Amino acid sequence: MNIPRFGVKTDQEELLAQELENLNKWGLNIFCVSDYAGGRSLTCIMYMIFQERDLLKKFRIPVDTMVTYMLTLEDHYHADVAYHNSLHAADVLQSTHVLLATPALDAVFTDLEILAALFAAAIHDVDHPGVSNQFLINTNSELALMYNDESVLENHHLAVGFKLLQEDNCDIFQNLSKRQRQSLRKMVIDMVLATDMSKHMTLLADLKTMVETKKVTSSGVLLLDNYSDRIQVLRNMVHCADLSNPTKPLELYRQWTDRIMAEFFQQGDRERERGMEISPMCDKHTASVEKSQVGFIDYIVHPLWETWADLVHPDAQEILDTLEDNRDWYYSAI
């Protein structure tokens, strides 16, 4: 198979090259990347992130195996889901890539831990059906039964992500040792399960406790002594990345908002057709797009990022300012 310059075929290589200049920045526009990559934002961004961090050489991952797996992974996100499609995966992965580079975390994580974080981020919503856990529980679906109603989707994303390693020429981890594969798998499971919003309040309270007794070295770089603390930081980092839409430039944030509301509204419509209770914010006749975002920021997103900014102080100050400006925009657009 052909391995194109940026991992995917493109009719607009120069415009794509120009956006990829921003690979390592919060200000990257993944929507442009997606347009210029013919819809393959996940395969493109993951290829580039992997080349950037030299991960193929570091783990002896054959390049065609990497691309085969990434295409397979991307193909198992549904294009007909308005928000939880591969563009969201790509965005969360890219955001995780930037967050990994934060100065307060310099030289803290091993390449294996980094590998785990990025893989977790890429697979974290694979095969999302565009309806919430509660919808699967209320319909008595096979998936809710399979996972005892507990983190139904997050369990499924993990099973699908690892299972796809078994399709032809897809085992990107073939050259990791046993201990390496086991440690990565354990870390990935931990990170993806922590993306379940029902764990959000628990996650935030523990992040706070950890921040209270944080240790900094000479130059304000974090000291993470033990596994427990390292995976705590990584699970919260992927969570922050998942909830990073309101921290991005308003132009991008507004596109993410339209997408989530389209997805929620379609769920609400399906609920109404089936005689089910309509889930929170899923009723198009009564929901306010702008008020929902304000409440979302005030009670979920800002308290999370404020605690994160505390952890990595002063590295995330800008994100917090942006977050405050965006709250104000939605508050005024009411």
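Numbering starts at 1 and follows the sequence shown.
Per the entry, where is the mean C-alpha temperature factor higher: 69-77 or 205-213?
-> Looking at the recorded C-alpha B-factors, 205-213 comes out higher on average.
According to the deposited model, is the average Cα temperature factor higher in 246-254 or in 148-156?
-> Higher mean C-alpha B-factor: 246-254.
Tell me, please, which of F119, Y227, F264, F173 has the highest C-alpha B factor according to the deposited entry?
-> Comparing C-alpha B-factors across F119, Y227, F264, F173, the top value belongs to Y227.
What third of the chain, by the recorded C-alpha B-factor, contains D106?
-> According to the entry, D106 has a C-alpha B-factor in the chain's highest third.
Based on the entry's values, in what third of the chain does the Cα temperature factor of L234 lie: lowest, middle or highest?
-> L234: CA B-factor falls in the middle third of its chain.
Third assignment of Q293 from its chain's C-alpha B-factors | As the PDB entry reports it, the C-alpha B-factor of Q293 lands in the lowest third of its chain.
Which third, lowest, middle or highest, does the CA B-factor of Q134 fall in along this chain?
-> For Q134, the deposited C-alpha B-factor lands in the lowest third.
Ordered by C-alpha B-factor within the chain, which third holds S141? Give me lowest, middle or highest, please.
-> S141: CA B-factor falls in the lowest third of its chain.
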